[PDB]
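The structure tokens that follow cover one protein chain in two forms, given apart as structure 1 and structure 2.
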Structure 1
């Protein structure tokens, strides 16, 4: 009786294990299979899909015990897809040293420790009561359990299969259950009619890879898909010309950037990094490539940070004259500097780079584009400049400045950023402090240091574009995922 939902997608994750699925392509699938203790209600109080309000989900209630622990009271009679009732043991296993953050878990979940809080082992109080703890103070537990790191897995089934096999046959408590995974082709899910929350409205959901955007668009016009993903503002005109189709767009909690291999001689010091950063004309790029729909943030600072968003911050500096001076006073000899890009994996990456190459030519820096295929990122030492993006995954400023740019992150450890000691000291403080003047000011000083050092250069917050049949009602949310709970209906 319910319609089957057909999605034309850009790609699929290599695993359906919820943490290993973290990417631009995984969350739209794993958000259906699993649930979290606390859920973010993006549509709360009439918000246009960007609210940061947190509501009960698998946890009916919770109570903070002290500076490092929160006791959760679980919803009762919740069923995993295989008919196993959800208990405190499943939640304890989800946040355990064994599965997630411990030294053994590292080979199974590569970002398990990197993206997690400083967890201590959870405590099971009774069948429906579990306490999550951190080894050092953390006022981020509640916020973290509403994030993409926190989908609840079943203990017994996950242990039996192991992380790899679980990723190929996942079981969760979510509104849709697993049917099929054809690697590099399609994922099929079916309605979980035992779901504890709003009943699924589609009988089935198929995530079909259609690699090229023009082919994805043709698929929607051909009547092959109900919703297609990964379009840009340039597609709006064509789609909306069809009486039965329309685009649905939103800014997402992510930023596009370029960064440097600071192990390379030319990028060890901040001089040329700053020169390149100061020559980036973001307003022209936003108008030219995004139809003014992308947003230029005032620093490493986004509205989803909530209490740690600073709406009064000064804009990131644009100064061609200073940029020219810096190149001249730096060691820079005019030798071409490479900038690696995985084609247009980041929307508009190649035209954005063409524009920046001209801005850089004008200050006396010769930058050359280099492309690579998926899974072929070059050996680190063969790279100089490269593009990147970071999904801002917490309703708090902790992510991604601390896990990516902090003392434990890849920018310093793999990419050679020798961050000022003050920056690392502040990363530690914001990790352990509650919200207040000290934590708020620490993020602003970290944002200032980030701009002064230029280990990366923020371009903008992208504007994601979907296209859909007008008969299929579904609203985008401000994140790299698709939400169907109370947000998918047909007719």
Structure 2
């Protein structure tokens, strides 16, 4: 079989699947591991955006009541080191010890804040396990299909510990670990003992090429089979080569900028709001995205299903109100830094250059500060920074509650003093079933989010890849690459 060569924007600092949650980790850990339930993006001929959930490590499952789901595990599934998958591995994956309890904070810093209100799993037998929540949760199934729920081997993971496991991962997935050179490459090889569709590449190499121009050159020269994280300005050149093409899709993620609200100038909402109200998103979408990016009506996305609000108004744009907020905030004209890891995010620096000019027109002076991969700056040296959030559930709970809620990092680490009402609503939507009360609570949370501006949503990126026409592979509407029954050569 052909070896697959990928030129990527970046690499995660660990292959521990929860710590690898980012724009760059899932395309790798999706190959090493499996989940109990998987999303089939290609269900019923869909162009990589189907919402259908299908059996994966769980052959079947059944919701018992408002807070428990029983899973019947596929038998004779082997981890890469030979160990057979059992309910004990699944129980460990979703345990207090490894994932969501207080002891897990050191190993998986965001484990607890991104998890449901789990109770300890119950192992019924070697192939039967029940996942439970202490309080009602109708999100167990969507959680279990998500990037939080890749199944790790209990004994091997405990032996190494989360850090060393992150450098030598073992999973049940179609590709097994070969090597990891931090900040340079990850190499995987075919797991020919895979339980599902057999791997079609002999090897996969994820080679970091941080500068997108160099990545495009690598595809043109024949060094890479597929490249990631391009902008729509690269489409015409790549498609001019008869043996190459672009493959793009709008993904269930939003780009944003956010603030270190421990900094004096951002403790209060006024200047955060001034900066938010001066962003002309449609002009950025036209200039940098060739109309392909999508601007959402607040923290509100169609993948939320029953908790998506299609009637919501656009996020405000008001240059004159922004000018008045700069004056009322007492802002004295001092430059404010905005950190970016180059173009880790497609259009990060071009968007920042536009926003710097928009902010100059309201009297705020912003300056770019770049940081290298793996060297995220110290928190107290950051003021503004760019970020993104993958919308990882078929529900509005994610990402507003896990990221911006009372137990989340935006309030605890980055100092957002959220109104008490916002936190009360976060607690309510966590346990309520779908209905008018829950739907209205998310809309009020969205309104407070826009009023407070702890972050400023820019748009959903149009994720552009480029590939050799002789490498058959279709993108999916999420920040990952799927190769199961979706990778062939010739």
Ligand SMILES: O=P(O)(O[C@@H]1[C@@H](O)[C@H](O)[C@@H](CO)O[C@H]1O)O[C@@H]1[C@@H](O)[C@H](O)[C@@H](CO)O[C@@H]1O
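Positions refer to the first chain, counted from 1. Only the largest set of C-alpha atoms that superpose within 1.5 Å between the two forms is called the rigid core.
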Given that just one of these two is the form solved in complex with the ligand, which number is it? 2
Let me spell it out: two rigid parts, one turning against the other between structures 1 and 2. At which of 127, 252, 383, 102 is the hinge? 252
Relative rotation of the two rigid parts between structures 1 and 2, taken as the smaller one's turn in degrees: 13
Enter the rigid core superposed C-alpha shift of residue 46 between structures 1 and 2, rounded to one decimal in Å. 1.4
After superposing on the rigid core, what is the C-alpha displacement of residue 314 between structures 1 and 2, in Å? 3.8
The CA shift of residue 332 between structures 1 and 2, rigid core aligned, in angstrom, is 6.9
